[PDB]
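**Student:** One structure, as structure tokens, below. Some questions next.
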Amino acid sequence: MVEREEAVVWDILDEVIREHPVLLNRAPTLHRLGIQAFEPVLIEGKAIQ
Amino acid sequence: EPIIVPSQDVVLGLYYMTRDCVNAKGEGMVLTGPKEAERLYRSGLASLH
Amino acid sequence: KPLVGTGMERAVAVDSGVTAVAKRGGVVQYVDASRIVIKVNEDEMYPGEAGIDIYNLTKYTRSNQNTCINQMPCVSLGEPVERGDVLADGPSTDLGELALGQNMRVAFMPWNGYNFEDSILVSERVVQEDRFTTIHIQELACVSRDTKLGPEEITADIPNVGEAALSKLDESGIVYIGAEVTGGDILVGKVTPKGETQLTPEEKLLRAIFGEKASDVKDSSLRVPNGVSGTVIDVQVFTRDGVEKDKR
Amino acid sequence: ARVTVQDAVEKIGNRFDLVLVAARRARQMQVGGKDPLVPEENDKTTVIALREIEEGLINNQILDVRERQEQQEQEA
Amino acid sequence: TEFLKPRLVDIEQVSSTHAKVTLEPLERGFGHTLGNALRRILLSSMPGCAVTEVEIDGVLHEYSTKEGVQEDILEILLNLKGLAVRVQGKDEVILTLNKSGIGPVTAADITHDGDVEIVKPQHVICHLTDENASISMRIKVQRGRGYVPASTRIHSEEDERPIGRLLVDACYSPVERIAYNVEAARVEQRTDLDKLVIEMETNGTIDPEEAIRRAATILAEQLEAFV
Amino acid sequence: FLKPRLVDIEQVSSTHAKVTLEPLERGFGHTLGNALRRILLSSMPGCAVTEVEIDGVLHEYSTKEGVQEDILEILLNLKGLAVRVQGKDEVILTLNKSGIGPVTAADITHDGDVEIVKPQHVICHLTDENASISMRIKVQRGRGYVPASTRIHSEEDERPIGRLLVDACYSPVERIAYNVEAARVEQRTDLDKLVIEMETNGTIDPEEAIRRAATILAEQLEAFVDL
Amino acid sequence: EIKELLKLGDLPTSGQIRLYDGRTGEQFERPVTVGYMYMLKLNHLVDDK
């Protein structure tokens, strides 16, 4: 189903994204202020907003 | 200290907001609420300062 | 080209070797794309087998950065030149003149966070006209023709697939002359022998019956790089030093 | 959505032990061991556990009670 | 060519404060063509009712004194502009306030005409302190469209040369706050379409849903030449 | 609440014109003129070449043996051609040119539905006489910028790889400015006269467009009337 | 010479026109800096990131 990216599985994808905490850590991070947590939003792009 | 201090763009935004001068359209009238004050400048029948 | 430069635009074209220059003047006779046939004026036309010059242009090739380079014909048909003028355009050049990018109507106004210090805001008109686009023609090396384990052949015996993959793999088992390869297809077929220790006794006997090479030669071809979707334009082949290939 | 967790601090303010406890509760919710009591608002188990602690209905006290309660239910 | 139709609207409601409309789906700049539109229309093109003039009687100034008042005639004027009123088959109407004694002069003590309906009679106009406090005003409420500041309207009768009237800002806007927001809507396999979310508030001379269908008719009105 | 109305569309040139609306009310013509702008830049059924299967071209990274330009270039010059369709949404043509000369856009198999705005638009340059280049041009109709990129995901398994595609930008409209000013009628203080100064590429007619675009606004009012 | 060419064109002596937002249509108070500059895209591509 995901082999064809069925619109169905995207709604299942939704279910596993709605309130799923995410951790964001940059590379040039030397101090702890480069690590936080957020909430996902479906973005049609290549870069992490 | 709440580490995140408005850097530059956002600072200027609020800086051009809260600011005073001598010449401005409507300078002198009275309003019973900042709510209609909102609907006063979004229309633009008076100056922001 | 930059409208407001300093006057060294043609100076880049002349002091660089990205544009095909003329060593003699004269009416161009047959300009196509990969060739520019020139007729030279007699005042500077050699008394040695007359004088018809030629300039060959690189047509959509690769570079170090694997970026595309194409000498674009700036001279049309029936147009004379001077001993020191241009015939082609290297990458990022306009009439020889150094033309790096393009100039637009730039403005400086704060506007809904799309410009925070480094953040830039551009009109969709750019990619709607496709003015700023690049071409990445890439080269991937392939090996074949005798690995000590067994003399290799290109494609020949190709298992693990049907005939769907061969729709673009001709009578040589090589990729088409302009295919749309994507995801995980195969570029060129590469065959390689297997091994002694791994053959089972129930396939050593059946091995010495159904041919000379039953379950020995496998499919270990060079495949389309995982994660790319492009178009094969040119094939650079090198036949065995001494013995030719087969047909392609 | 959830603006802060300062209300969790009002009840159980360890800031770390919180993580431990409610996480185990969310796992009993995963494995069919149990099920929630506070209706979810599309919130997956993590955020659901957060609500439970801020109101203060299912904290460490009650969770250990549930543990020993299941012990009478499995034994007999 | 294939066009798409606006559907699914979440009428998020909280009493009289705000209603937030969530409609899906929108396209490249449709959350703008929609949002911006409502804003300017709800500001300088929306019919409503509000006080235009207030003749006290003797004192026709805002910075004076009136024995029996804990406020100032100035504060009185502000509450007058904020009074939520709505008429039906009348344009302009003048009422009368006849109050005396120690107490909050609410919007109920005014004279209620067969068209003048104070939607919030609880709205205290002015605070009236101790003893006598003989206050009596002649108020002029009018029907208009938008917002008429006194700054641009320098009355040609008793304010150009004389006094006898006061100049307030008639708020003919049945709303209070216009905050439209753009947020990525999402069609399953498709890309990022948009979802217009409108945080809109109304005073009381109209409730959220009615207001939506109202301007909708006026939009068809100003699109009547073609659509 | 006077209805709105246009006047004769002042055709200064075939490429650009100007409409004028006299019956406008305070505020409407301004925000609605901006609202129309987005619509007259989005929901517009444009025409764009999608699939061009060329004679001796397996890929656009080649040059026809007999032409001066490059195939990639020629495809952009095909996007430079403004064409109209009347009945069908899609039509396949065939360019047939031979002989030394700037290939005008009138040598193609001209269907009664295919309608060029300027048959003088040179697509490519033939430099030889024995080179008859032929190419089937599959052009269709849709709205907004719809690239071949977003369309190759379905693909329909395009095995015939002699078929080289191009990005379909479906936008006839171009530059839209609106001139708001005092509308001088003798019975009113001042109304609004919207002089819509428009630029087009020259494919779809303005009036057709504005009634059609206002009907799309009607689509976008549907749920705004529905509560 | 510069101002002379803005005068030699039908352009503003200043080089700052009052624009009308494509998302509003109002005058960006105090004419804004406008004109052409030669851009330059770098070889840093997101597919290599």
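Chain identifiers are assigned as A, B, and so on, following the order in which chains appear in the structure tokens; residues are numbered from 1 within each chain, and ligands are numbered from 1 in order of appearance.
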Any idea what's packed within 9 Å of range 57-67 of chain D, counting only C-alpha atoms, ignoring anything in its chain fewer than 3 positions away? Could you give it as number ranges by chain?
**Tutor:** D: 11-12, 18, 21-22, 25, 49, 52-54, 70-71
**Student:** How would the residues just picked look written out with N, CA, C and O atoms as a PDB file, in the first residue's frame?
**Tutor:**
ATOM      1  N   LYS D  11       0.784  19.418  40.676  1.00  0.00           N
ATOM      2  CA  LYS D  11       0.448  18.150  41.321  1.00  0.00           C
ATOM      3  C   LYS D  11       1.726  17.355  41.604  1.00  0.00           C
ATOM      4  O   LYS D  11       2.148  17.230  42.754  1.00  0.00           O
ATOM      5  N   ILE D  12       2.332  16.821  40.544  1.00  0.00           N
ATOM      6  CA  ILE D  12       3.570  16.042  40.641  1.00  0.00           C
ATOM      7  C   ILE D  12       4.681  16.842  39.947  1.00  0.00           C
ATOM      8  O   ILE D  12       4.841  16.763  38.727  1.00  0.00           O
ATOM      9  N   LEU D  18       7.913  12.090  36.669  1.00  0.00           N
ATOM     10  CA  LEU D  18       6.637  12.211  35.973  1.00  0.00           C
ATOM     11  C   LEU D  18       6.755  11.342  34.726  1.00  0.00           C
ATOM     12  O   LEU D  18       5.955  10.434  34.505  1.00  0.00           O
ATOM     13  N   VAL D  21       6.567   7.329  35.501  1.00  0.00           N
ATOM     14  CA  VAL D  21       5.239   6.851  35.887  1.00  0.00           C
ATOM     15  C   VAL D  21       4.161   6.799  34.799  1.00  0.00           C
ATOM     16  O   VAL D  21       3.689   5.720  34.439  1.00  0.00           O
ATOM     17  N   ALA D  22       3.770   7.968  34.295  1.00  0.00           N
ATOM     18  CA  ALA D  22       2.730   8.067  33.273  1.00  0.00           C
ATOM     19  C   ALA D  22       3.055   7.292  31.990  1.00  0.00           C
ATOM     20  O   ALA D  22       2.146   6.857  31.280  1.00  0.00           O
ATOM     21  N   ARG D  25       1.954   3.831  32.365  1.00  0.00           N
ATOM     22  CA  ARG D  25       0.496   3.797  32.307  1.00  0.00           C
ATOM     23  C   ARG D  25       0.063   3.769  30.840  1.00  0.00           C
ATOM     24  O   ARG D  25      -0.893   3.084  30.474  1.00  0.00           O
ATOM     25  N   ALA D  49      -1.792  10.937  28.951  1.00  0.00           N
ATOM     26  CA  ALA D  49      -1.224  10.764  30.281  1.00  0.00           C
ATOM     27  C   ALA D  49      -1.006  12.124  30.931  1.00  0.00           C
ATOM     28  O   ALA D  49      -1.158  12.275  32.145  1.00  0.00           O
ATOM     29  N   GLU D  52      -4.239  13.406  32.502  1.00  0.00           N
ATOM     30  CA  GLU D  52      -4.517  12.629  33.710  1.00  0.00           C
ATOM     31  C   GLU D  52      -3.774  13.124  34.953  1.00  0.00           C
ATOM     32  O   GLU D  52      -4.307  13.059  36.068  1.00  0.00           O
ATOM     33  N   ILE D  53      -2.548  13.609  34.756  1.00  0.00           N
ATOM     34  CA  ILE D  53      -1.716  14.085  35.864  1.00  0.00           C
ATOM     35  C   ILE D  53      -2.026  15.526  36.267  1.00  0.00           C
ATOM     36  O   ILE D  53      -1.961  15.871  37.448  1.00  0.00           O
ATOM     37  N   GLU D  54      -2.354  16.365  35.289  1.00  0.00           N
ATOM     38  CA  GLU D  54      -2.661  17.763  35.570  1.00  0.00           C
ATOM     39  C   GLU D  54      -3.949  17.919  36.375  1.00  0.00           C
ATOM     40  O   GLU D  54      -4.024  18.750  37.279  1.00  0.00           O
ATOM     41  N   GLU D  70      -5.024  -5.423  40.640  1.00  0.00           N
ATOM     42  CA  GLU D  70      -4.883  -6.443  39.604  1.00  0.00           C
ATOM     43  C   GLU D  70      -4.359  -7.731  40.232  1.00  0.00           C
ATOM     44  O   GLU D  70      -4.592  -8.825  39.715  1.00  0.00           O
ATOM     45  N   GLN D  71      -3.645  -7.592  41.346  1.00  0.00           N
ATOM     46  CA  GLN D  71      -3.082  -8.742  42.043  1.00  0.00           C
ATOM     47  C   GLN D  71      -4.148  -9.607  42.696  1.00  0.00           C
ATOM     48  O   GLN D  71      -3.956 -10.807  42.881  1.00  0.00           O
TER      49      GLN D  71
END
**Student:** Need the shell around range 72-83 of chain E: protein/DNA/RNA residues with any atom at most 9 Å away, counting only C-alpha atoms. Skip same-chain ones fewer than 2 positions apart. Format as number ranges by chain?
**Tutor:** B: 30-33; E: 50-52, 54, 59, 61-66, 69-70, 85, 107, 118-121, 123-127, 139, 166, 168-171
**Student:** Take the selection from the previous step and output its residues with N, CA and C atoms, as a tab-separated table (two decimals), in the first residue's frame.
**Tutor:**
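Once everything was written out, this is result-v1.tsv:
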chain	number	residue	atom	x	y	z
B	30	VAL	N	-11.91	60.02	20.86
B	30	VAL	CA	-12.05	59.05	21.94
B	30	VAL	C	-12.74	57.75	21.54
B	31	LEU	N	-12.23	56.64	22.07
B	31	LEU	CA	-12.77	55.31	21.81
B	31	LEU	C	-13.00	54.59	23.14
B	32	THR	N	-14.08	53.82	23.23
B	32	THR	CA	-14.39	53.10	24.46
B	32	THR	C	-13.75	51.70	24.49
B	33	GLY	N	-12.95	51.38	23.48
B	33	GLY	CA	-12.31	50.08	23.45
B	33	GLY	C	-11.22	49.89	22.41
E	50	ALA	N	-25.50	52.79	15.80
E	50	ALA	CA	-24.68	53.35	16.87
E	50	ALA	C	-25.00	54.82	17.08
E	51	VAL	N	-24.66	55.34	18.26
E	51	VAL	CA	-24.91	56.74	18.58
E	51	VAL	C	-24.04	57.65	17.72
E	52	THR	N	-24.65	58.72	17.20
E	52	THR	CA	-23.95	59.68	16.36
E	52	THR	C	-23.79	61.00	17.10
E	54	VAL	N	-24.85	63.28	20.95
E	54	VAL	CA	-25.38	63.26	22.30
E	54	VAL	C	-25.45	64.65	22.91
E	59	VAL	N	-24.42	71.45	29.54
E	59	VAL	CA	-23.00	71.24	29.30
E	59	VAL	C	-22.77	70.48	28.00
E	61	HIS	N	-19.79	70.01	26.61
E	61	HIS	CA	-18.35	69.76	26.60
E	61	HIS	C	-18.05	68.45	27.31
E	62	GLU	N	-16.85	67.92	27.09
E	62	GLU	CA	-16.43	66.65	27.68
E	62	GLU	C	-15.56	66.79	28.94
E	63	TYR	N	-14.94	67.96	29.11
E	63	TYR	CA	-14.09	68.19	30.27
E	63	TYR	C	-14.62	69.24	31.24
E	64	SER	N	-15.81	68.98	31.77
E	64	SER	CA	-16.45	69.87	32.73
E	64	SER	C	-16.95	69.05	33.91
E	65	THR	N	-17.82	69.64	34.73
E	65	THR	CA	-18.35	68.93	35.89
E	65	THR	C	-19.88	68.93	35.94
E	66	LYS	N	-20.42	67.84	36.47
E	66	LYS	CA	-21.86	67.66	36.62
E	66	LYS	C	-22.08	67.11	38.04
E	69	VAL	N	-22.12	63.15	39.86
E	69	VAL	CA	-21.47	62.18	38.98
E	69	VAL	C	-20.07	61.85	39.50
E	70	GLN	N	-19.77	60.55	39.60
E	70	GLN	CA	-18.45	60.12	40.07
E	70	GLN	C	-17.50	60.01	38.89
E	85	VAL	N	-26.98	48.69	19.94
E	85	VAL	CA	-28.38	48.92	19.62
E	85	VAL	C	-28.69	48.45	18.20
E	107	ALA	N	-28.49	50.71	30.63
E	107	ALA	CA	-29.17	50.96	29.36
E	107	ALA	C	-30.68	50.69	29.37
E	118	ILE	N	-32.45	47.83	22.65
E	118	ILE	CA	-31.13	47.73	23.26
E	118	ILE	C	-30.88	46.25	23.48
E	119	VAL	N	-29.91	45.68	22.76
E	119	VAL	CA	-29.61	44.26	22.89
E	119	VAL	C	-28.94	43.91	24.22
E	120	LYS	N	-28.32	44.90	24.85
E	120	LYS	CA	-27.67	44.68	26.14
E	120	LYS	C	-28.02	45.82	27.11
E	121	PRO	N	-29.24	45.78	27.68
E	121	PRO	CA	-29.78	46.76	28.64
E	121	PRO	C	-28.95	46.85	29.92
E	123	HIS	N	-25.68	47.06	29.93
E	123	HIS	CA	-24.57	47.97	29.66
E	123	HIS	C	-24.74	49.30	30.39
E	124	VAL	N	-23.98	49.49	31.47
E	124	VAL	CA	-24.05	50.73	32.24
E	124	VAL	C	-23.45	51.87	31.42
E	125	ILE	N	-24.23	52.92	31.19
E	125	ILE	CA	-23.77	54.08	30.42
E	125	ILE	C	-22.80	54.93	31.24
E	126	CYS	N	-23.29	55.45	32.36
E	126	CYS	CA	-22.48	56.28	33.24
E	126	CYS	C	-22.78	55.94	34.69
E	127	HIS	N	-21.81	56.18	35.57
E	127	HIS	CA	-21.99	55.92	36.99
E	127	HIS	C	-22.50	57.22	37.62
E	139	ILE	N	-30.23	61.68	23.28
E	139	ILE	CA	-29.32	60.88	22.47
E	139	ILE	C	-29.81	60.56	21.06
E	166	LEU	N	-22.60	67.18	20.62
E	166	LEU	CA	-21.27	66.64	20.86
E	166	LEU	C	-20.98	65.70	19.70
E	168	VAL	N	-19.36	62.21	18.58
E	168	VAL	CA	-18.83	60.89	18.89
E	168	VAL	C	-18.59	60.12	17.59
E	169	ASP	N	-18.01	58.94	17.72
E	169	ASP	CA	-17.70	58.10	16.57
E	169	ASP	C	-18.69	56.95	16.45
E	170	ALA	N	-19.73	57.15	15.65
E	170	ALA	CA	-20.76	56.13	15.45
E	170	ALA	C	-20.17	54.83	14.90
E	171	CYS	N	-20.21	53.78	15.71
E	171	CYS	CA	-19.69	52.47	15.32
E	171	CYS	C	-20.80	51.63	14.68
**Student:** Applying 9 Å and only C-alpha atoms, which residues near residue 46 in chain B remain after dropping the ones on its own chain fewer than 5 positions away? List them as a list in words.
**Tutor:**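 Those residues are residues 24, 25, 26, 27, 40 and 41 of chain B; 151 of chain E.
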**Student:** Mind pulling up the distance from CA of residue 57 in chain F to CA of residue 138 in chain C?
**Tutor:**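 It comes out at 20.3 Å.
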**Student:** Applying 10 Å and only C-alpha atoms, which residues near residue 20 in chain A remain after dropping the ones on its own chain fewer than 6 positions away? List them as a short mmCIF file (atom, residue, chain, number, x, y, z; two decimals) with N, CA and C atoms, in the first residue's frame.
**Tutor:**
data_model
loop_
_atom_site.label_atom_id
_atom_site.label_comp_id
_atom_site.auth_asym_id
_atom_site.auth_seq_id
_atom_site.Cartn_x
_atom_site.Cartn_y
_atom_site.Cartn_z
N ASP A 14 -1.45 10.07 9.34
CA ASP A 14 -2.01 11.17 10.11
C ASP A 14 -2.18 10.72 11.56
N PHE A 38 8.91 19.05 19.66
CA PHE A 38 7.83 19.75 18.99
C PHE A 38 6.65 18.85 18.66
N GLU A 39 5.85 19.30 17.70
CA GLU A 39 4.68 18.58 17.22
C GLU A 39 4.74 18.69 15.69
N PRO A 40 4.44 17.60 14.98
CA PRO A 40 4.48 17.62 13.51
C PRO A 40 3.30 18.28 12.79
N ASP D 43 -5.57 12.90 20.87
CA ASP D 43 -4.28 12.87 21.54
C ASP D 43 -3.88 11.41 21.69
N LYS D 44 -2.67 11.06 21.24
CA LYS D 44 -2.21 9.69 21.41
C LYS D 44 -1.83 9.58 22.89
N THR D 45 -1.60 8.36 23.37
CA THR D 45 -1.29 8.11 24.78
C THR D 45 -0.36 9.05 25.56
N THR D 46 0.64 9.63 24.90
CA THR D 46 1.57 10.53 25.60
C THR D 46 0.82 11.73 26.19
N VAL D 47 0.12 12.44 25.32
CA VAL D 47 -0.65 13.62 25.71
C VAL D 47 -1.82 13.26 26.62
#
